[PDB]
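A lone chain, given as structure tokens: the form deposited without the ligand.
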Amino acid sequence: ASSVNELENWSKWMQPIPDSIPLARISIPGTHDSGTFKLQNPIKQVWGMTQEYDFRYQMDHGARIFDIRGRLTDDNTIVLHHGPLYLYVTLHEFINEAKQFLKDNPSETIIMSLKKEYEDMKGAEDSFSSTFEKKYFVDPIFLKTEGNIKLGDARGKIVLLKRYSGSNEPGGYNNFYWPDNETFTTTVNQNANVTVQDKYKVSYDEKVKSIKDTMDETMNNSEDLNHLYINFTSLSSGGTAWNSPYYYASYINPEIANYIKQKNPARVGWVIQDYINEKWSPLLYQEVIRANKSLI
């Protein structure tokens, strides 16, 4: 499209963006551990809980990247897990919400990152990958193109970010290295690169500089269409004591929302965060979307 007023519509923010822009270049809000919104069992909450509203509230808030963690059960279906504990949500439940959302707003697209979160239930018939691919990915909302994905190709579809290994069906982003608790950079497809900052379990101080430091690298390398930058602003530590992702999220979100507002960057990469809501001060998701003002 052409006006800047069109990024202010959360439900349809990607409408003004040009069809030829690689998804890499776009600045996208994303949600960390998206399916933990039904955990209300207290101690589960202080540990597991990273969101408080549903996939649709999340989507009508501009989120276009979803951190999905699953586990294969006996019933031969994939469910959503937070480590060893079961969220009361399933993969089918995610996929349909993404479909009705995407049907009401065909201009958008959604990126689903799938990772096998826990070990397969004993009586499962097939492996995690073969199951997801034979019973779900075979659906056609799934974009099946590879390489450096442009936006034209994905409107209407679900783009897959593979965080599982033995895959046989082509589509979305190829699985890549992803080392534990760090900030790293690797190659995805022949044509792409990724810098990821995912230091969960680290101190507030170190957390806050890893984010900004990685944010600085992207604002600068802004015209590099062939380079994704993922920035998880989520920090996870010993809950039960206001050391919960909420407590940190109520600091890190406004903190960084502002960091982008003042710096007026052109690109901020993909910012996966906790507690997407409307309590916090400047709104991290709105600032991230707005930084796309430069592509319009």
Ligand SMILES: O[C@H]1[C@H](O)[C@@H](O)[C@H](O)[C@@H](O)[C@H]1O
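Start at 1 with the first residue shown and count on from there.
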Of 248 to 256 and 233 to 241, the stretch whose C-alpha atoms average the higher B-factor in the entry
233 to 241
Entry B factor averaged over C-alpha atoms, 121 to 129 against 138 to 146: higher for 121 to 129
From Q197, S113, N189, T109, residue of greatest CA B-factor:
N189
Quiz for you: based on the deposited Cα B-factor, which of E97, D224, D213, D205 is highest?
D224
Split into thirds by Cα B-factor across the chain's modelled residues, where does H92 land: lowest, middle or highest?
lowest
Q273 - Cα temperature factor, lowest/middle/highest third of chain:
lowest
Lowest, middle or highest third - CA B-factor, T50:
middle
State the tercile, meaning the lowest, middle or highest third, of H32 with respect to the CA B-factors recorded for its chain.
lowest
Considering only modelled residues of the same chain, in which third does the CA B-factor of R56 rank: lowest, middle or highest?
middle
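There is another form of this protein, the form solved in complex with the ligand, and it is not shown here; the text below is about that form.
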Using the pose of the ligand in the entry with it bound, placed onto this unliganded form by C-alpha superposition round the site, state open if no ligand atom is within 2.4 Å of a backbone or C-beta atom and blocked if 3 or more are.
open
Which residue, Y204, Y136, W178, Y164, is the contact with the ligand in the entry with it bound, using a 4.5 Å heavy atom cutoff?
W178
Heavy atom within 4.5 Å of the ligand in the entry with it bound: which of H61, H227, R267, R69?
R69
Answer with yes or no whether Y86 is in contact with the ligand in the entry with it bound, where contact means some heavy atom within 4.5 Å.
no
Contact of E108 with the ligand in the entry with it bound (heavy atom, 4.5 Å):
no
Classify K115 as contacting or not contacting the ligand in the entry with it bound by the rule of any non-hydrogen atom within 4.5 angstroms, answering yes or no.
yes
Verify the contact flag for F142: yes if a non-hydrogen atom of it lies within 4.5 Å of a non-hydrogen atom of the ligand in the entry with it bound, no if not.
no
Which of 144 to 152, 218 to 226, 192 to 200, 96 to 104 sits within 4.5 Å of the ligand in the entry with it bound, heavy atom basis
192 to 200
Using the arrangement in the entry with it bound, list in sequence order the residues of 14 to 43 with any heavy atom within 4.5 angstroms of the ligand.
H32, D33
